[PDB]
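> Structure incoming, see below.
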Amino acid sequence: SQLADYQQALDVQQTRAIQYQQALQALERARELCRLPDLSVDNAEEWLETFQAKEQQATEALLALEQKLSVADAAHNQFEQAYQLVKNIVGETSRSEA
Amino acid sequence: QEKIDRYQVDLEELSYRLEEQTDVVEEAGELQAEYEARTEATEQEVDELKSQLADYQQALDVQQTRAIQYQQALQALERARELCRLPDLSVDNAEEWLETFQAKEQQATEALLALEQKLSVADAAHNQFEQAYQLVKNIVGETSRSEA
Amino acid sequence: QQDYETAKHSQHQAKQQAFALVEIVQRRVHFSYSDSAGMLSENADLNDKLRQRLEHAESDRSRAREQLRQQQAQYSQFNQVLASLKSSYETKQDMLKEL
Amino acid sequence: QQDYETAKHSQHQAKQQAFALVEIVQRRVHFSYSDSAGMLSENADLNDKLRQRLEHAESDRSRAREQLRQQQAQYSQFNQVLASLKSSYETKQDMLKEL
């Protein structure tokens, strides 16, 4: 709060002139994050659409993997349920003996 | 012996008790973790706003990012209302439809799991079905394959 | 096999719908940025609106803090009870052993 | 599950890159007037020193919060064992009065 009070007068008169360095930092941050040193705000739209296409492809592959992951995990769950039933009825035993 | 019996009963009772308490504890810890995460997020946002006001030199960069995030969230909400076909939807109550469709997805996956097992055992050749069918016929008499 | 491909398509539909709903769950906070989006549209002196948003967030955080504290007390309670049953069982079991 | 974990990581990275590109698209307008400039570093000295002191205070607060949480923890465990001793003493005291 004390820093806010001290800087009250300082940062009020921003004059929309120190506003664009934020754009500079964003552009640079994309430049390292996106392996596109030639990345320009002009050609950044083609990169935007291409990376969006990659993102949606990744999501589709993720869902495809998720389906098989869920079915496999539930199959293991039924395996485990059989194992617990066997253990409760008879006691300790291996899965092969199940 | 009777006393032992009594103790047996007692032990059964405490077993049950233990079970229940276990369950209770589990749900309580779940809720504790959920509220911990929510409170942590709220305090992080509070500190972010504290820095924004203290560091007004921040120069609305965080404000710009938050507005962009708001637009993205609007787009995502519209996209879900489309896919889920739920114009009646809100951020506050979207969790209910999320858990409903979680149950839906669980039903679909359990179905397809039984289906995967049935397809895997369908690798059995044509001969086994014939032999089993004829055995059931010879034992009971003529029966349909569906009823076999 | 036909029914199974149909079930796989249904599972894909469920997967995409659930993923979308989860995504909006993640963006839950972003909907709170509606104030931020409106604030950013000020394009002028807007520290007072920042302070109002901060006060609202303080109220929400205090509410969440109280909720968390009471829930922690309840969970603690539960936990103790669970332990008291554990000890009572252990002891009853040992006395069954001995008898 | 390992494969899906890798896929989720990749999806997260792709989403972050897409969001960064969206940010560039949004701030193209701000880049438009990049030629503008203004005065800076008027009261930086005291502001910087106060920022340093506030950072020290925030670090101390983080340490304090960690110690608070941990302490909560240990307290919890101590309670958990005390509940067991309470039960054992009470049952033995009841049984001594009964004898």
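Residues in the structure tokens are numbered from 1 in each chain, the chains being A, B, ... in the order shown, and ligands are numbered from 1 in the order shown.
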May I have the residues within 10 Å of residue 72 (chain A) as a VMD selection string, using only C-alpha atoms and disregarding those fewer than 5 positions away in the same chain?
(chain A and resid 66 to 67 77 to 78) or (chain B and resid 109 113 116) or (chain D and resid 1)
> Extract, using only C-alpha atoms, all DNA, RNA and protein residues at most 12 Å from residue 51 (chain B), discarding same-chain residues fewer than 3 positions from it, and format them as a list in words.
residues 1, 2, 3, 4 and 7 of chain A; 44, 45, 46, 47, 48, 54, 55, 56, 57, 58, 59, 60 and 62 of chain B; 50, 51 and 54 of chain C; 51, 54, 55 and 58 of chain D
> My list of candidates is A:70, A:19, A:93, A:57. Which is closest to residue 27 (chain D) when distances are computed with only C-alpha atoms?
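Smallest separation from residue 27 (chain D) among the options: A:19.
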> Over every C-alpha pair, in sequence order, do a least-squares fit of chain D onto chain C and save the fitted chain as a PDB file with N, CA and C atoms, in the first residue's frame.

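New file selection.pdb:
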```pdb
ATOM      1  N   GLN D   1     -12.061 -51.253 -23.374  1.00  0.00           N
ATOM      2  CA  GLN D   1     -12.215 -50.148 -22.433  1.00  0.00           C
ATOM      3  C   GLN D   1     -11.253 -49.017 -22.760  1.00  0.00           C
ATOM      4  N   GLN D   2     -10.015 -49.352 -23.117  1.00  0.00           N
ATOM      5  CA  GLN D   2      -9.078 -48.325 -23.566  1.00  0.00           C
ATOM      6  C   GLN D   2      -9.639 -47.575 -24.771  1.00  0.00           C
ATOM      7  N   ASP D   3     -10.136 -48.325 -25.756  1.00  0.00           N
ATOM      8  CA  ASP D   3     -10.693 -47.696 -26.951  1.00  0.00           C
ATOM      9  C   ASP D   3     -11.883 -46.809 -26.605  1.00  0.00           C
ATOM     10  N   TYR D   4     -12.757 -47.281 -25.715  1.00  0.00           N
ATOM     11  CA  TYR D   4     -13.921 -46.498 -25.320  1.00  0.00           C
ATOM     12  C   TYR D   4     -13.521 -45.248 -24.554  1.00  0.00           C
ATOM     13  N   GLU D   5     -12.464 -45.328 -23.749  1.00  0.00           N
ATOM     14  CA  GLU D   5     -11.956 -44.140 -23.074  1.00  0.00           C
ATOM     15  C   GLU D   5     -11.509 -43.099 -24.091  1.00  0.00           C
ATOM     16  N   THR D   6     -10.763 -43.536 -25.108  1.00  0.00           N
ATOM     17  CA  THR D   6     -10.354 -42.606 -26.157  1.00  0.00           C
ATOM     18  C   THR D   6     -11.569 -42.016 -26.865  1.00  0.00           C
ATOM     19  N   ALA D   7     -12.563 -42.856 -27.160  1.00  0.00           N
ATOM     20  CA  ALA D   7     -13.759 -42.385 -27.847  1.00  0.00           C
ATOM     21  C   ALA D   7     -14.512 -41.363 -27.007  1.00  0.00           C
ATOM     22  N   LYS D   8     -14.600 -41.595 -25.696  1.00  0.00           N
ATOM     23  CA  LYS D   8     -15.271 -40.643 -24.820  1.00  0.00           C
ATOM     24  C   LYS D   8     -14.520 -39.321 -24.780  1.00  0.00           C
ATOM     25  N   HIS D   9     -13.187 -39.374 -24.735  1.00  0.00           N
ATOM     26  CA  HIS D   9     -12.410 -38.141 -24.809  1.00  0.00           C
ATOM     27  C   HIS D   9     -12.742 -37.374 -26.082  1.00  0.00           C
ATOM     28  N   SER D  10     -12.743 -38.073 -27.218  1.00  0.00           N
ATOM     29  CA  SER D  10     -13.038 -37.419 -28.488  1.00  0.00           C
ATOM     30  C   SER D  10     -14.442 -36.826 -28.486  1.00  0.00           C
ATOM     31  N   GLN D  11     -15.411 -37.559 -27.936  1.00  0.00           N
ATOM     32  CA  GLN D  11     -16.776 -37.053 -27.867  1.00  0.00           C
ATOM     33  C   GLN D  11     -16.839 -35.785 -27.026  1.00  0.00           C
ATOM     34  N   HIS D  12     -16.120 -35.765 -25.902  1.00  0.00           N
ATOM     35  CA  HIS D  12     -16.096 -34.574 -25.062  1.00  0.00           C
ATOM     36  C   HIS D  12     -15.526 -33.383 -25.822  1.00  0.00           C
ATOM     37  N   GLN D  13     -14.417 -33.594 -26.536  1.00  0.00           N
ATOM     38  CA  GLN D  13     -13.824 -32.491 -27.291  1.00  0.00           C
ATOM     39  C   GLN D  13     -14.773 -31.998 -28.376  1.00  0.00           C
ATOM     40  N   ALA D  14     -15.434 -32.922 -29.075  1.00  0.00           N
ATOM     41  CA  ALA D  14     -16.383 -32.525 -30.107  1.00  0.00           C
ATOM     42  C   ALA D  14     -17.533 -31.726 -29.509  1.00  0.00           C
ATOM     43  N   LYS D  15     -18.038 -32.159 -28.353  1.00  0.00           N
ATOM     44  CA  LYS D  15     -19.114 -31.430 -27.696  1.00  0.00           C
ATOM     45  C   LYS D  15     -18.668 -30.025 -27.322  1.00  0.00           C
ATOM     46  N   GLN D  16     -17.445 -29.893 -26.805  1.00  0.00           N
ATOM     47  CA  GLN D  16     -16.943 -28.572 -26.441  1.00  0.00           C
ATOM     48  C   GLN D  16     -16.828 -27.670 -27.665  1.00  0.00           C
ATOM     49  N   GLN D  17     -16.314 -28.206 -28.775  1.00  0.00           N
ATOM     50  CA  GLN D  17     -16.205 -27.405 -29.991  1.00  0.00           C
ATOM     51  C   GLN D  17     -17.580 -26.978 -30.494  1.00  0.00           C
ATOM     52  N   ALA D  18     -18.546 -27.899 -30.473  1.00  0.00           N
ATOM     53  CA  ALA D  18     -19.895 -27.556 -30.905  1.00  0.00           C
ATOM     54  C   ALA D  18     -20.488 -26.467 -30.023  1.00  0.00           C
ATOM     55  N   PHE D  19     -20.265 -26.555 -28.711  1.00  0.00           N
ATOM     56  CA  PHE D  19     -20.777 -25.526 -27.814  1.00  0.00           C
ATOM     57  C   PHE D  19     -20.121 -24.179 -28.087  1.00  0.00           C
ATOM     58  N   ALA D  20     -18.819 -24.176 -28.383  1.00  0.00           N
ATOM     59  CA  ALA D  20     -18.148 -22.922 -28.715  1.00  0.00           C
ATOM     60  C   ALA D  20     -18.736 -22.304 -29.980  1.00  0.00           C
ATOM     61  N   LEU D  21     -19.002 -23.131 -30.991  1.00  0.00           N
ATOM     62  CA  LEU D  21     -19.624 -22.620 -32.209  1.00  0.00           C
ATOM     63  C   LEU D  21     -21.018 -22.072 -31.922  1.00  0.00           C
ATOM     64  N   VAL D  22     -21.782 -22.763 -31.074  1.00  0.00           N
ATOM     65  CA  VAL D  22     -23.089 -22.253 -30.671  1.00  0.00           C
ATOM     66  C   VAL D  22     -22.938 -20.904 -29.981  1.00  0.00           C
ATOM     67  N   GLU D  23     -21.898 -20.757 -29.160  1.00  0.00           N
ATOM     68  CA  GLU D  23     -21.660 -19.485 -28.486  1.00  0.00           C
ATOM     69  C   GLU D  23     -21.389 -18.376 -29.492  1.00  0.00           C
ATOM     70  N   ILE D  24     -20.589 -18.668 -30.520  1.00  0.00           N
ATOM     71  CA  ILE D  24     -20.365 -17.676 -31.572  1.00  0.00           C
ATOM     72  C   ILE D  24     -21.685 -17.298 -32.228  1.00  0.00           C
ATOM     73  N   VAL D  25     -22.521 -18.295 -32.522  1.00  0.00           N
ATOM     74  CA  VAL D  25     -23.799 -18.008 -33.169  1.00  0.00           C
ATOM     75  C   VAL D  25     -24.648 -17.105 -32.283  1.00  0.00           C
ATOM     76  N   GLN D  26     -24.686 -17.393 -30.982  1.00  0.00           N
ATOM     77  CA  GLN D  26     -25.478 -16.579 -30.064  1.00  0.00           C
ATOM     78  C   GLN D  26     -24.945 -15.155 -29.972  1.00  0.00           C
ATOM     79  N   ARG D  27     -23.625 -14.989 -29.933  1.00  0.00           N
ATOM     80  CA  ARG D  27     -23.028 -13.671 -29.758  1.00  0.00           C
ATOM     81  C   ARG D  27     -22.789 -12.942 -31.074  1.00  0.00           C
ATOM     82  N   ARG D  28     -23.221 -13.514 -32.200  1.00  0.00           N
ATOM     83  CA  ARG D  28     -23.236 -12.756 -33.448  1.00  0.00           C
ATOM     84  C   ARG D  28     -23.960 -11.425 -33.277  1.00  0.00           C
ATOM     85  N   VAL D  29     -25.073 -11.423 -32.542  1.00  0.00           N
ATOM     86  CA  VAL D  29     -25.817 -10.183 -32.336  1.00  0.00           C
ATOM     87  C   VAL D  29     -24.960  -9.168 -31.592  1.00  0.00           C
ATOM     88  N   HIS D  30     -24.250  -9.613 -30.554  1.00  0.00           N
ATOM     89  CA  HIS D  30     -23.385  -8.700 -29.814  1.00  0.00           C
ATOM     90  C   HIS D  30     -22.258  -8.182 -30.696  1.00  0.00           C
ATOM     91  N   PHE D  31     -21.705  -9.048 -31.548  1.00  0.00           N
ATOM     92  CA  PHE D  31     -20.749  -8.587 -32.550  1.00  0.00           C
ATOM     93  C   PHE D  31     -21.361  -7.522 -33.447  1.00  0.00           C
ATOM     94  N   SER D  32     -22.669  -7.610 -33.694  1.00  0.00           N
ATOM     95  CA  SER D  32     -23.321  -6.682 -34.612  1.00  0.00           C
ATOM     96  C   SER D  32     -23.010  -5.231 -34.265  1.00  0.00           C
ATOM     97  N   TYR D  33     -23.088  -4.874 -32.984  1.00  0.00           N
ATOM     98  CA  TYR D  33     -22.810  -3.510 -32.532  1.00  0.00           C
ATOM     99  C   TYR D  33     -21.398  -3.381 -31.976  1.00  0.00           C
ATOM    100  N   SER D  34     -20.443  -4.110 -32.557  1.00  0.00           N
ATOM    101  CA  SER D  34     -19.071  -4.069 -32.066  1.00  0.00           C
ATOM    102  C   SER D  34     -18.463  -2.676 -32.162  1.00  0.00           C
ATOM    103  N   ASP D  35     -19.031  -1.796 -32.989  1.00  0.00           N
ATOM    104  CA  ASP D  35     -18.490  -0.451 -33.137  1.00  0.00           C
ATOM    105  C   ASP D  35     -18.644   0.385 -31.872  1.00  0.00           C
ATOM    106  N   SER D  36     -19.538  -0.002 -30.967  1.00  0.00           N
ATOM    107  CA  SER D  36     -19.788   0.793 -29.776  1.00  0.00           C
ATOM    108  C   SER D  36     -18.579   0.767 -28.844  1.00  0.00           C
ATOM    109  N   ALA D  37     -18.474   1.809 -28.022  1.00  0.00           N
ATOM    110  CA  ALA D  37     -17.377   1.933 -27.073  1.00  0.00           C
ATOM    111  C   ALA D  37     -17.847   2.767 -25.893  1.00  0.00           C
ATOM    112  N   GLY D  38     -17.081   2.701 -24.804  1.00  0.00           N
ATOM    113  CA  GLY D  38     -17.420   3.432 -23.601  1.00  0.00           C
ATOM    114  C   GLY D  38     -16.194   3.690 -22.754  1.00  0.00           C
ATOM    115  N   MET D  39     -16.384   4.533 -21.741  1.00  0.00           N
ATOM    116  CA  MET D  39     -15.304   4.858 -20.821  1.00  0.00           C
ATOM    117  C   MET D  39     -14.892   3.624 -20.027  1.00  0.00           C
ATOM    118  N   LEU D  40     -13.622   3.592 -19.627  1.00  0.00           N
ATOM    119  CA  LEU D  40     -13.083   2.454 -18.898  1.00  0.00           C
ATOM    120  C   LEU D  40     -11.927   2.916 -18.024  1.00  0.00           C
ATOM    121  N   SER D  41     -11.628   2.111 -17.003  1.00  0.00           N
ATOM    122  CA  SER D  41     -10.485   2.346 -16.121  1.00  0.00           C
ATOM    123  C   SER D  41     -10.631   3.665 -15.363  1.00  0.00           C
ATOM    124  N   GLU D  42     -11.770   3.826 -14.689  1.00  0.00           N
ATOM    125  CA  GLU D  42     -11.991   5.015 -13.871  1.00  0.00           C
ATOM    126  C   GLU D  42     -11.405   4.831 -12.474  1.00  0.00           C
ATOM    127  N   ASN D  43     -11.839   3.787 -11.767  1.00  0.00           N
ATOM    128  CA  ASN D  43     -11.359   3.464 -10.428  1.00  0.00           C
ATOM    129  C   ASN D  43     -10.540   2.175 -10.434  1.00  0.00           C
ATOM    130  N   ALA D  44      -9.774   1.959 -11.507  1.00  0.00           N
ATOM    131  CA  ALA D  44      -9.084   0.685 -11.682  1.00  0.00           C
ATOM    132  C   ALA D  44      -8.014   0.458 -10.621  1.00  0.00           C
ATOM    133  N   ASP D  45      -7.313   1.513 -10.204  1.00  0.00           N
ATOM    134  CA  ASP D  45      -6.198   1.343  -9.277  1.00  0.00           C
ATOM    135  C   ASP D  45      -6.642   0.628  -8.003  1.00  0.00           C
ATOM    136  N   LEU D  46      -7.566   1.235  -7.254  1.00  0.00           N
ATOM    137  CA  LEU D  46      -8.020   0.619  -6.012  1.00  0.00           C
ATOM    138  C   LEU D  46      -8.708  -0.710  -6.286  1.00  0.00           C
ATOM    139  N   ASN D  47      -9.492  -0.782  -7.363  1.00  0.00           N
ATOM    140  CA  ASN D  47     -10.151  -2.037  -7.708  1.00  0.00           C
ATOM    141  C   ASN D  47      -9.130  -3.131  -7.987  1.00  0.00           C
ATOM    142  N   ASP D  48      -8.070  -2.807  -8.730  1.00  0.00           N
ATOM    143  CA  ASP D  48      -7.045  -3.806  -9.018  1.00  0.00           C
ATOM    144  C   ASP D  48      -6.318  -4.240  -7.750  1.00  0.00           C
ATOM    145  N   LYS D  49      -5.971  -3.289  -6.881  1.00  0.00           N
ATOM    146  CA  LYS D  49      -5.278  -3.653  -5.649  1.00  0.00           C
ATOM    147  C   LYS D  49      -6.159  -4.531  -4.769  1.00  0.00           C
ATOM    148  N   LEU D  50      -7.443  -4.182  -4.658  1.00  0.00           N
ATOM    149  CA  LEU D  50      -8.370  -4.981  -3.872  1.00  0.00           C
ATOM    150  C   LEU D  50      -8.582  -6.354  -4.491  1.00  0.00           C
ATOM    151  N   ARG D  51      -8.581  -6.439  -5.821  1.00  0.00           N
ATOM    152  CA  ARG D  51      -8.654  -7.734  -6.485  1.00  0.00           C
ATOM    153  C   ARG D  51      -7.440  -8.585  -6.145  1.00  0.00           C
ATOM    154  N   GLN D  52      -6.255  -7.971  -6.120  1.00  0.00           N
ATOM    155  CA  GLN D  52      -5.051  -8.707  -5.749  1.00  0.00           C
ATOM    156  C   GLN D  52      -5.137  -9.211  -4.311  1.00  0.00           C
ATOM    157  N   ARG D  53      -5.585  -8.352  -3.394  1.00  0.00           N
ATOM    158  CA  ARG D  53      -5.724  -8.769  -2.002  1.00  0.00           C
ATOM    159  C   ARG D  53      -6.753  -9.884  -1.864  1.00  0.00           C
ATOM    160  N   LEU D  54      -7.863  -9.781  -2.595  1.00  0.00           N
ATOM    161  CA  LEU D  54      -8.879 -10.825  -2.559  1.00  0.00           C
ATOM    162  C   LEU D  54      -8.343 -12.132  -3.127  1.00  0.00           C
ATOM    163  N   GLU D  55      -7.509 -12.059  -4.165  1.00  0.00           N
ATOM    164  CA  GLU D  55      -6.887 -13.268  -4.693  1.00  0.00           C
ATOM    165  C   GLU D  55      -5.977 -13.907  -3.652  1.00  0.00           C
ATOM    166  N   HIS D  56      -5.202 -13.090  -2.937  1.00  0.00           N
ATOM    167  CA  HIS D  56      -4.379 -13.625  -1.856  1.00  0.00           C
ATOM    168  C   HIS D  56      -5.246 -14.309  -0.806  1.00  0.00           C
ATOM    169  N   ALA D  57      -6.349 -13.663  -0.425  1.00  0.00           N
ATOM    170  CA  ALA D  57      -7.238 -14.243   0.577  1.00  0.00           C
ATOM    171  C   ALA D  57      -7.840 -15.553   0.085  1.00  0.00           C
ATOM    172  N   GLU D  58      -8.229 -15.607  -1.189  1.00  0.00           N
ATOM    173  CA  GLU D  58      -8.795 -16.832  -1.744  1.00  0.00           C
ATOM    174  C   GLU D  58      -7.770 -17.956  -1.756  1.00  0.00           C
ATOM    175  N   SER D  59      -6.526 -17.646  -2.120  1.00  0.00           N
ATOM    176  CA  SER D  59      -5.480 -18.662  -2.080  1.00  0.00           C
ATOM    177  C   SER D  59      -5.275 -19.171  -0.660  1.00  0.00           C
ATOM    178  N   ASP D  60      -5.240 -18.258   0.312  1.00  0.00           N
ATOM    179  CA  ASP D  60      -5.110 -18.676   1.703  1.00  0.00           C
ATOM    180  C   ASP D  60      -6.291 -19.540   2.121  1.00  0.00           C
ATOM    181  N   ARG D  61      -7.492 -19.202   1.650  1.00  0.00           N
ATOM    182  CA  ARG D  61      -8.668 -20.002   1.966  1.00  0.00           C
ATOM    183  C   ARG D  61      -8.552 -21.399   1.376  1.00  0.00           C
ATOM    184  N   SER D  62      -8.042 -21.502   0.149  1.00  0.00           N
ATOM    185  CA  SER D  62      -7.854 -22.814  -0.460  1.00  0.00           C
ATOM    186  C   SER D  62      -6.858 -23.645   0.338  1.00  0.00           C
ATOM    187  N   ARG D  63      -5.747 -23.030   0.750  1.00  0.00           N
ATOM    188  CA  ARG D  63      -4.799 -23.737   1.607  1.00  0.00           C
ATOM    189  C   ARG D  63      -5.474 -24.191   2.894  1.00  0.00           C
ATOM    190  N   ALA D  64      -6.246 -23.298   3.515  1.00  0.00           N
ATOM    191  CA  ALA D  64      -6.917 -23.634   4.763  1.00  0.00           C
ATOM    192  C   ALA D  64      -7.873 -24.802   4.573  1.00  0.00           C
ATOM    193  N   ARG D  65      -8.627 -24.798   3.474  1.00  0.00           N
ATOM    194  CA  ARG D  65      -9.553 -25.891   3.204  1.00  0.00           C
ATOM    195  C   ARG D  65      -8.808 -27.203   3.003  1.00  0.00           C
ATOM    196  N   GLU D  66      -7.691 -27.169   2.275  1.00  0.00           N
ATOM    197  CA  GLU D  66      -6.918 -28.390   2.077  1.00  0.00           C
ATOM    198  C   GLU D  66      -6.407 -28.929   3.408  1.00  0.00           C
ATOM    199  N   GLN D  67      -5.866 -28.045   4.251  1.00  0.00           N
ATOM    200  CA  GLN D  67      -5.388 -28.479   5.561  1.00  0.00           C
ATOM    201  C   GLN D  67      -6.533 -29.027   6.404  1.00  0.00           C
ATOM    202  N   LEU D  68      -7.697 -28.385   6.343  1.00  0.00           N
ATOM    203  CA  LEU D  68      -8.858 -28.869   7.079  1.00  0.00           C
ATOM    204  C   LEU D  68      -9.234 -30.277   6.641  1.00  0.00           C
ATOM    205  N   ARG D  69      -9.301 -30.502   5.330  1.00  0.00           N
ATOM    206  CA  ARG D  69      -9.677 -31.816   4.825  1.00  0.00           C
ATOM    207  C   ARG D  69      -8.667 -32.871   5.253  1.00  0.00           C
ATOM    208  N   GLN D  70      -7.406 -32.654   5.089  1.00  0.00           N
ATOM    209  CA  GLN D  70      -6.371 -33.541   5.443  1.00  0.00           C
ATOM    210  C   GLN D  70      -6.422 -33.883   6.908  1.00  0.00           C
ATOM    211  N   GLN D  71      -6.553 -32.917   7.760  1.00  0.00           N
ATOM    212  CA  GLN D  71      -6.651 -33.036   9.163  1.00  0.00           C
ATOM    213  C   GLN D  71      -7.810 -33.895   9.568  1.00  0.00           C
ATOM    214  N   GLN D  72      -8.948 -33.681   8.996  1.00  0.00           N
ATOM    215  CA  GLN D  72     -10.079 -34.513   9.077  1.00  0.00           C
ATOM    216  C   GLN D  72      -9.693 -35.939   8.834  1.00  0.00           C
ATOM    217  N   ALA D  73      -8.942 -36.185   7.812  1.00  0.00           N
ATOM    218  CA  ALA D  73      -8.431 -37.444   7.433  1.00  0.00           C
ATOM    219  C   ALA D  73      -7.672 -38.097   8.563  1.00  0.00           C
ATOM    220  N   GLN D  74      -6.578 -37.533   8.965  1.00  0.00           N
ATOM    221  CA  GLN D  74      -5.715 -38.038   9.969  1.00  0.00           C
ATOM    222  C   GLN D  74      -6.462 -38.319  11.246  1.00  0.00           C
ATOM    223  N   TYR D  75      -7.323 -37.445  11.654  1.00  0.00           N
ATOM    224  CA  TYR D  75      -8.208 -37.588  12.742  1.00  0.00           C
ATOM    225  C   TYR D  75      -9.023 -38.846  12.615  1.00  0.00           C
ATOM    226  N   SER D  76      -9.541 -39.113  11.460  1.00  0.00           N
ATOM    227  CA  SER D  76     -10.278 -40.259  11.099  1.00  0.00           C
ATOM    228  C   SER D  76      -9.509 -41.525  11.367  1.00  0.00           C
ATOM    229  N   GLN D  77      -8.336 -41.649  10.834  1.00  0.00           N
ATOM    230  CA  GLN D  77      -7.469 -42.759  11.013  1.00  0.00           C
ATOM    231  C   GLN D  77      -7.131 -42.982  12.466  1.00  0.00           C
ATOM    232  N   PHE D  78      -6.860 -41.900  13.201  1.00  0.00           N
ATOM    233  CA  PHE D  78      -6.550 -41.970  14.624  1.00  0.00           C
ATOM    234  C   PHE D  78      -7.730 -42.518  15.436  1.00  0.00           C
ATOM    235  N   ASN D  79      -8.958 -42.165  15.077  1.00  0.00           N
ATOM    236  CA  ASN D  79     -10.169 -42.671  15.594  1.00  0.00           C
ATOM    237  C   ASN D  79     -10.312 -44.141  15.325  1.00  0.00           C
ATOM    238  N   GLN D  80     -10.020 -44.569  14.142  1.00  0.00           N
ATOM    239  CA  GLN D  80     -10.083 -45.901  13.674  1.00  0.00           C
ATOM    240  C   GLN D  80      -9.181 -46.820  14.460  1.00  0.00           C
ATOM    241  N   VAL D  81      -7.949 -46.382  14.759  1.00  0.00           N
ATOM    242  CA  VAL D  81      -7.064 -47.119  15.688  1.00  0.00           C
ATOM    243  C   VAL D  81      -7.495 -47.002  17.142  1.00  0.00           C
ATOM    244  N   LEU D  82      -7.992 -45.857  17.594  1.00  0.00           N
ATOM    245  CA  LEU D  82      -8.467 -45.734  18.964  1.00  0.00           C
ATOM    246  C   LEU D  82      -9.640 -46.690  19.258  1.00  0.00           C
ATOM    247  N   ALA D  83     -10.596 -46.871  18.335  1.00  0.00           N
ATOM    248  CA  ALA D  83     -11.701 -47.835  18.474  1.00  0.00           C
ATOM    249  C   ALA D  83     -11.205 -49.260  18.738  1.00  0.00           C
ATOM    250  N   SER D  84     -10.169 -49.679  18.012  1.00  0.00           N
ATOM    251  CA  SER D  84      -9.545 -50.981  18.224  1.00  0.00           C
ATOM    252  C   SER D  84      -8.931 -51.081  19.645  1.00  0.00           C
ATOM    253  N   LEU D  85      -8.197 -50.060  20.127  1.00  0.00           N
ATOM    254  CA  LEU D  85      -7.598 -50.048  21.480  1.00  0.00           C
ATOM    255  C   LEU D  85      -8.637 -49.986  22.603  1.00  0.00           C
ATOM    256  N   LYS D  86      -9.742 -49.286  22.359  1.00  0.00           N
ATOM    257  CA  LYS D  86     -10.866 -49.211  23.283  1.00  0.00           C
ATOM    258  C   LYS D  86     -11.425 -50.608  23.517  1.00  0.00           C
ATOM    259  N   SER D  87     -11.777 -51.300  22.434  1.00  0.00           N
ATOM    260  CA  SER D  87     -12.240 -52.689  22.480  1.00  0.00           C
ATOM    261  C   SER D  87     -11.264 -53.621  23.217  1.00  0.00           C
ATOM    262  N   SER D  88      -9.972 -53.570  22.885  1.00  0.00           N
ATOM    263  CA  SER D  88      -8.978 -54.436  23.530  1.00  0.00           C
ATOM    264  C   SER D  88      -8.837 -54.127  25.019  1.00  0.00           C
ATOM    265  N   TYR D  89      -8.786 -52.858  25.409  1.00  0.00           N
ATOM    266  CA  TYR D  89      -8.746 -52.513  26.822  1.00  0.00           C
ATOM    267  C   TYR D  89     -10.000 -52.949  27.572  1.00  0.00           C
ATOM    268  N   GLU D  90     -11.181 -52.645  27.042  1.00  0.00           N
ATOM    269  CA  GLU D  90     -12.467 -52.998  27.652  1.00  0.00           C
ATOM    270  C   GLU D  90     -12.574 -54.504  27.874  1.00  0.00           C
ATOM    271  N   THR D  91     -12.339 -55.298  26.827  1.00  0.00           N
ATOM    272  CA  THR D  91     -12.361 -56.760  26.944  1.00  0.00           C
ATOM    273  C   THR D  91     -11.357 -57.246  27.987  1.00  0.00           C
ATOM    274  N   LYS D  92     -10.128 -56.721  28.017  1.00  0.00           N
ATOM    275  CA  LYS D  92      -9.133 -57.104  29.035  1.00  0.00           C
ATOM    276  C   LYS D  92      -9.537 -56.659  30.441  1.00  0.00           C
ATOM    277  N   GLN D  93     -10.220 -55.528  30.586  1.00  0.00           N
ATOM    278  CA  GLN D  93     -10.645 -55.008  31.881  1.00  0.00           C
ATOM    279  C   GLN D  93     -11.788 -55.858  32.434  1.00  0.00           C
ATOM    280  N   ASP D  94     -12.752 -56.187  31.575  1.00  0.00           N
ATOM    281  CA  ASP D  94     -13.818 -57.144  31.856  1.00  0.00           C
ATOM    282  C   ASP D  94     -13.254 -58.515  32.251  1.00  0.00           C
ATOM    283  N   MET D  95     -12.251 -59.003  31.526  1.00  0.00           N
ATOM    284  CA  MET D  95     -11.626 -60.284  31.833  1.00  0.00           C
ATOM    285  C   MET D  95     -10.795 -60.239  33.122  1.00  0.00           C
ATOM    286  N   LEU D  96     -10.133 -59.126  33.450  1.00  0.00           N
ATOM    287  CA  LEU D  96      -9.445 -58.986  34.740  1.00  0.00           C
ATOM    288  C   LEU D  96     -10.435 -58.969  35.905  1.00  0.00           C
ATOM    289  N   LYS D  97     -11.544 -58.223  35.802  1.00  0.00           N
ATOM    290  CA  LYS D  97     -12.574 -58.269  36.852  1.00  0.00           C
ATOM    291  C   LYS D  97     -13.178 -59.663  36.983  1.00  0.00           C
ATOM    292  N   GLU D  98     -13.363 -60.369  35.869  1.00  0.00           N
ATOM    293  CA  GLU D  98     -13.870 -61.735  35.896  1.00  0.00           C
ATOM    294  C   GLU D  98     -12.863 -62.688  36.558  1.00  0.00           C
ATOM    295  N   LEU D  99     -11.554 -62.510  36.348  1.00  0.00           N
ATOM    296  CA  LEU D  99     -10.543 -63.335  37.005  1.00  0.00           C
ATOM    297  C   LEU D  99     -10.378 -63.006  38.495  1.00  0.00           C
TER     298      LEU D  99
END
```
> Restricting the calculation to only C-alpha atoms: of A:36, A:26, A:64, A:75, which residue gets closest to residue 61 (chain B)?
A:26
> Residues of chain A within 12 Å of chain C, counting only C-alpha atoms, what are they? List them as a list in words.
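Written out as asked, the residues are residues 1, 4, 5, 7, 8, 9, 11, 12, 13, 14, 15, 16, 19, 56, 59, 60, 61, 62, 63, 64, 65, 66, 67, 68, 69, 70 and 71 of chain A.
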> I need the chain B residues near chain D as a list in words; criterion: at most 10 Å, counting only C-alpha atoms.
residues 54, 55, 64, 65, 68, 69 and 72 of chain B
